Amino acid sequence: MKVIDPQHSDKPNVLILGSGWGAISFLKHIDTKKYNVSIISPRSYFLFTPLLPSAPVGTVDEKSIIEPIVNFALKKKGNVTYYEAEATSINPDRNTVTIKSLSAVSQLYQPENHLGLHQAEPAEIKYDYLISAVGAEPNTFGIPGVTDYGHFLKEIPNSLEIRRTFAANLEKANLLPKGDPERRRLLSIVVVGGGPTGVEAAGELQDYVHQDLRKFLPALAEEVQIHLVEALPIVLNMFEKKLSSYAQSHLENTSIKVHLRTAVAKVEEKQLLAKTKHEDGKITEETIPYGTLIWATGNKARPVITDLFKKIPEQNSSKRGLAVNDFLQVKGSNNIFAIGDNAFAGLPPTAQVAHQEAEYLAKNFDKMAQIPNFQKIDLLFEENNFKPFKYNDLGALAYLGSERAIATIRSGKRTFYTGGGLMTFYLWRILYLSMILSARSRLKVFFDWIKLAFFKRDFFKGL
């Protein structure tokens, strides 16, 4: 019950799902004069995910790396409306999306209507076109105990939980005598994932220990131990072998214990069971004690996308994400589009792919809105003549702790970069500053870093 249908305006309604890289990038490029745009997302702000790993340890403040949606919508010319709630069910036949847990409603540049909605009231939102960018969720691979004792590294709350756990453990450990094995376990951290997120997480945690903790509790600092576990035989496999090797050496020089060729079998309250697969082809078992477990491995489709597979006939055989055209239209649907991690197009699940797809699609919509036929929809994309999406891989970046990073930079064919260590660390900072989406967030992180040069990190457990 309750159906919101704003269409006194003669414009078509483009409904967006999410407030991440795909949704915001699309929002920034979509012509709000041609269409009435509306966003649905339980998250009232945009997260700059590449700096998330610096948040727990206080290299950057959590407020520094987020930006309210309304600030993006405010710079838009036309009307934009944000429903603070999550999409539960996508309804192709009805052309609606069901919502749950209404926390707020914002209607920018729309001084007129009144919805008449109580909080947590179920509803249905009409649409003419739908862009789906809810993203994925973390994958535990069905390995028991991960959700009970692990911390994912996906969202701002996760940064606060990791700080609270680790601060708690440091306080406890400090009361026990230098020998105690419990002291040793409480000071043990385990990051699962050999990719960029995991490496950066181990790097930042190590930075905090060597730089901040050592200055007022050197005793505790010496006994802390950080493990990095990865199933593949090479860390950061998306780079050339030469850069991966340097990466692995450096991590071990900064005293991080790297566990390659290693899968996790089970996760318990105080330890995890791992199977390591050696060069001679033999498998061994080892226990890894821990006090804080960061889970930074791959992705899995969300319940809303899974529920959509059952409804569209040709979307049956789909698991990783939604099956999509060369034009980023959802296969089998008349008007549903998909971008980012929640959409399969044989491309990686990365922020670079989300942004470029978002722009492409936004560009097309602004082109599509200059025709009588768009004012049935599938054949019109071709007749008028315009190009499909061509991803342009720009490369990869990764901070490795202790003022060192690796970089590969390119455009299509040619490659040009500086990807060693300290100088690449400086390039790394500049580029990241450059690709932050807002000026406020950019000044905030700049100040965080200036402050970090002179005074070192804030690491409060209650804040």
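The numbering used is simple: start at 1 and walk along the sequence shown. Under this definition, the rigid core comprises the largest set of C-alpha atoms superposing within 1.5 Å between the forms.
Root mean square Cα distance to the shown form, taken over structures and residues in 7 other deposited structures of this protein after a core fit, is higher for 278 to 286 when 241 to 249 and 278 to 286 are compared. Comparing 167 to 175 with 95 to 103 by root mean square Cα distance to the shown form in 7 other deposited structures of this protein, with the rigid core used for the fit, gives 95 to 103 as the more displaced stretch. The entry models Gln375 and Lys376 with a gap of 4 to 9 deposited residues left without coordinates. Taking the PDB entry as given, 116 to 124 carries the higher mean Cα B factor of the two stretches 269 to 277 and 116 to 124. The PDB entry records a higher mean C-alpha B factor for 27 to 35 than for its counterpart among 53 to 61 and 27 to 35. Within the group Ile226, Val330, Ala219, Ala354, the record's highest C-alpha temperature factor is found at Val330. Highest C-alpha temperature factor among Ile99, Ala167, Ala338, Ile288 per the entry: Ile99. Split the chain's modelled residues into thirds by C-alpha temperature factor. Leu308 is in the highest one.
Annotation for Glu359: CA B-factor lies in the middle third of the chain's modelled residues. Among the modelled residues of the chain, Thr415 sits in the highest third by CA temperature factor in this PDB entry.
Among the modelled residues of its chain, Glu155 has a C-alpha B-factor that falls in the lowest third, as given in the PDB entry. Sort the modelled residues of the chain by CA B factor and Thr147 lands in the lowest third.
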